[PDB]
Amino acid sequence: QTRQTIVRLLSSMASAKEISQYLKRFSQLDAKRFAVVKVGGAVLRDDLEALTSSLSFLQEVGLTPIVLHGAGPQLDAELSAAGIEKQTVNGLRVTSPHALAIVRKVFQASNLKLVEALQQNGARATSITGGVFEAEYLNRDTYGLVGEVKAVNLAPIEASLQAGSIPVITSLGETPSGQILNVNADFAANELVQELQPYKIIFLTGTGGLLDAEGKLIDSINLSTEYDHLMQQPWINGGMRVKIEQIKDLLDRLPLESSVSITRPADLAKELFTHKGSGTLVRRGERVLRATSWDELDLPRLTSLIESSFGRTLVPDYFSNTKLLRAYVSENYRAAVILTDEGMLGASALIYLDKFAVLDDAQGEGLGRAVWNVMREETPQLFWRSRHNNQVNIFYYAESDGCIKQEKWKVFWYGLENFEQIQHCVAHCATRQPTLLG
């Protein structure tokens, strides 16, 4: 029903090809196994009309947020009123008896505060407060009543998602013999999700997402590639690292098509239905290897890779003819760029995009985006050809630095070349390239 049209809004527009695909490879597959919108107390306390106005939205079309709050700003206040709010021994905290006592009530209180504001706003939330997390206890006196979420029981939650309501769950434990000690909210979600196997999975926070050296919303990450030129580059202060590592911890644990998405609530919709939103997307992508030699490849794969990505198959024996400069391939072999040397003087002088090869089940996960992204950082001057009826021309027009058309082919180049230095090399790629498919 919905998808019938979600894709219709899609098809006729730009980033449609890559999103509609996201709606075909996951449509139908449990309800609970939709989002897993883990929130937080700073966002509860502050903006709730919009946190719940957006949670409505999904659950009122079909996609049933299986929320996971953890109210801590307010807790941290209600706790120090009587006192004992000091000491955080390790990277985490500490809690005493007359103290869980205070959390469990604040967890309770604001938990209910949510589940109601949904029901009030028109929703159907259903408080789920305990019994889900097997919180074995890490240390007894050196921390007291805190514990590492040893397992998870989904029954309590599969009930509410069999009914059809937003399982508003909690950062609380519960040993074996039933003692309820504290757990890390984050080491928590890693584990719920592992159990549930989501598709989407948003991390609401009161901020706006991840930042960069500049301080601009970095609308993506793609670990298997972008991981290093990040995890080693210093505008990655402190806990942002850990915010990153953790989300990384996760997705290795999901399929491939998953994807975190730390956004803001007002935006939540924008984020979960747009190749945009306003929250750092963040996949796991795949391992990508660069090949200088056309011999360290599974060419045959590339055949079912260019037979599946392109209409026909490659004009026979093309592979023994290919002179190969620089090759880019996804461990899985669902994406390839073949970089051939093409020009006149010598064997040079221009570097040329002979093939792009993404499989349907991919330009959706943004693979077509990660593989290409990884050569336009190696190779800075770039000239290619794409027909007129090609889908992914608009991707190109993005990258393209300039473009020129012909009823038979469209041509794109990539790089700055002085006024007189351009025309010369631009007329080239539109002269050697007419003769590549000859």
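Throughout, we count residues from 1 along the sequence that is shown.
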> Of the two stretches 13 to 21 and 421 to 429, which shows the higher Cα B-factor on average in the entry?
Replying inline: 13 to 21
> What stretch has the higher average Cα B-factor here, 375 to 383 or 402 to 410?
Replying inline: 402 to 410
>> Using only the C-alpha B-factors in the record, can you name which of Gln162, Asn321, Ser330, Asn111 has the highest?
In response: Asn321
> Highest Cα B-factor in the PDB entry belongs to which of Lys276, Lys150, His229, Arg334?
Replying inline: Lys276
>> By the recorded C-alpha temperature factor, relative to the other modelled residues in its chain, which third is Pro167 in?
In response: lowest
> Mind checking which third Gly62 falls in for C-alpha B-factor across the chain?
Replying inline: highest
> Comparing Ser293 with the other modelled residues of its chain, is its CA B-factor in the lowest, middle or highest third?
Replying inline: middle
> Among the modelled residues of its chain, does the C-alpha B-factor of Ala370 lie in the lowest, middle or highest third?
Replying inline: middle
> Looking at the C-alpha B-factor of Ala50, is it in the lowest, middle or highest third of its chain?
Replying inline: middle
